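Please read the structure below before turning to the comments.
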Amino acid sequence: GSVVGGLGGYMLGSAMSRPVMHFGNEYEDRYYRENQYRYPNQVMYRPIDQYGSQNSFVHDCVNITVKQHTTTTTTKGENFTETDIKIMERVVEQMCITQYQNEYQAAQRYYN
């Protein structure tokens with residue numbers, strides 16, 4: 001994929017748990033379970049500084065996260081398909097949601 005002229009000074013949100021993924025199908029849901037190991041337990045994000053939302057954080061957080069794997073782990077010997085990315089852009093969504101909260105909470109405690 002791409003980003004606006006190059007990656008935006010993002011950071012890795014440390015390694016969380018492996019959540020489930022529930023699309024509410026059988027195919028996509030099975031495909032996830034079948035490859036649950038390939039999918040990361042990490043996301044990357046921009047500082048809450050930039051924006052100030054769940055959704056705009058989620059959308060960009062996810063959309064960088066995909067790339068990190070599909071721009072670095074690919075040349076380390078991964079073969080993420082685009083179908084594998086549709087999955088990732090939802091499993092990593094739940095992690096991004098938790099990670100916004102994990103930075104916010106972890107900042108408004110002391111104030112910056």
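Ordering of the structure tokens sets the chain letters (A, B, ...), residue numbers begin anew at 1 in every chain, and ligands are numbered from 1 in the order given.
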Polymer residues at most 12 Å from residue A:60, only C-alpha atoms, same-chain spacing of 4 or more positions, as a PyMOL selection string: chain A and resi 2-4+7-8+10+43-48+50-51+53-56+64-67+89+92-93+96-97+100
Give me the residues near stretch 14-29 of chain A as a list in words, where near means some atom within 6 Å (using only C-alpha atoms) and where sequence neighbours in that chain fewer than 5 positions away do not count. residues 41, 42 and 91 of chain A
Closest to residue A:78 among A:38, A:1, A:106, A:30, using only C-alpha atoms?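 The shortest atom-to-atom distance to residue A:78 comes from A:38.
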Where in chain A does DSSP assign strand (DSSP E or B), given as a PyMOL selection string? chain A and resi 11-12+44-45
How would the residues just picked look written out with C-alpha atoms as a compact mmCIF listing (two decimals), in the first residue's frame?
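And here's again-v6.txt as it stands now:
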```txt
# COMPACT_ATOMS: atom_id res chain seq x y z
CA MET A 11 5.03 4.16 16.84
CA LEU A 12 4.47 0.50 17.76
CA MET A 44 0.99 1.17 15.22
CA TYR A 45 -0.42 4.66 15.69
```
Ranking A:52, A:70, A:101, A:61 by minimum distance to residue A:39 and counting only C-alpha atoms, which one comes first? A:70
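The residue that comes closest to residue A:98, out of A:73, A:36, A:57, A:111 and on the basis of only C-alpha atoms, is A:57.
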Which parts of chain A does DSSP call alpha helix (DSSP H) when run on the backbone here, written out as a VMD selection string? chain A and resid 27 to 34 55 to 68 82 to 108
Expected file contents, prior selection, C-alpha atoms, as a JSON list (two decimals), in the first residue's frame:
```json
[["chain", "number", "residue", "atom", "x", "y", "z"],
["A", 27, "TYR", "CA", -15.76, -18.24, 5.51],
["A", 28, "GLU", "CA", -13.96, -15.10, 6.72],
["A", 29, "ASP", "CA", -14.34, -16.34, 10.32],
["A", 30, "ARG", "CA", -12.83, -19.76, 9.46],
["A", 31, "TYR", "CA", -10.05, -18.15, 7.34],
["A", 32, "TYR", "CA", -9.13, -16.06, 10.38],
["A", 33, "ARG", "CA", -9.01, -19.06, 12.76],
["A", 34, "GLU", "CA", -7.05, -21.04, 10.12],
["A", 55, "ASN", "CA", -12.56, 6.51, 14.49],
["A", 56, "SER", "CA", -9.82, 8.68, 12.86],
["A", 57, "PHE", "CA", -7.23, 7.04, 15.16],
["A", 58, "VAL", "CA", -8.63, 3.54, 14.28],
["A", 59, "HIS", "CA", -8.74, 4.16, 10.52],
["A", 60, "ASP", "CA", -5.14, 5.49, 10.28],
["A", 61, "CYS", "CA", -3.75, 3.17, 13.02],
["A", 62, "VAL", "CA", -5.11, 0.14, 11.15],
["A", 63, "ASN", "CA", -4.08, 1.50, 7.75],
["A", 64, "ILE", "CA", -0.45, 1.92, 8.88],
["A", 65, "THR", "CA", -0.40, -1.38, 10.84],
["A", 66, "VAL", "CA", -1.33, -3.34, 7.65],
["A", 67, "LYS", "CA", 1.48, -1.67, 5.75],
["A", 68, "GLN", "CA", 4.10, -2.32, 8.49],
["A", 82, "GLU", "CA", -5.16, -8.89, 0.10],
["A", 83, "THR", "CA", -7.83, -11.25, 1.50],
["A", 84, "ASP", "CA", -5.48, -11.65, 4.54],
["A", 85, "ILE", "CA", -5.42, -7.82, 4.77],
["A", 86, "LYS", "CA", -9.21, -7.45, 4.87],
["A", 87, "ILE", "CA", -9.12, -9.72, 7.92],
["A", 88, "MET", "CA", -6.12, -7.85, 9.47],
["A", 89, "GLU", "CA", -7.87, -4.46, 8.96],
["A", 90, "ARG", "CA", -10.61, -5.73, 11.40],
["A", 91, "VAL", "CA", -8.65, -7.80, 13.96],
["A", 92, "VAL", "CA", -6.11, -4.95, 14.22],
["A", 93, "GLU", "CA", -9.14, -2.54, 14.50],
["A", 94, "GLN", "CA", -10.08, -3.99, 17.93],
["A", 95, "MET", "CA", -6.43, -3.73, 19.02],
["A", 96, "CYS", "CA", -6.19, -0.10, 17.73],
["A", 97, "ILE", "CA", -9.37, 0.72, 19.74],
["A", 98, "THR", "CA", -7.70, -0.66, 22.88],
["A", 99, "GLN", "CA", -4.38, 1.07, 22.03],
["A", 100, "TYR", "CA", -5.86, 4.61, 21.67],
["A", 101, "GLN", "CA", -7.32, 4.06, 25.14],
["A", 102, "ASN", "CA", -3.96, 2.63, 26.37],
["A", 103, "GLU", "CA", -2.10, 5.81, 25.24],
["A", 104, "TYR", "CA", -4.78, 8.34, 26.28],
["A", 105, "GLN", "CA", -5.23, 6.81, 29.72],
["A", 106, "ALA", "CA", -1.42, 6.53, 29.93],
["A", 107, "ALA", "CA", -1.00, 10.29, 29.29],
["A", 108, "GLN", "CA", -3.96, 12.08, 30.89]]
```
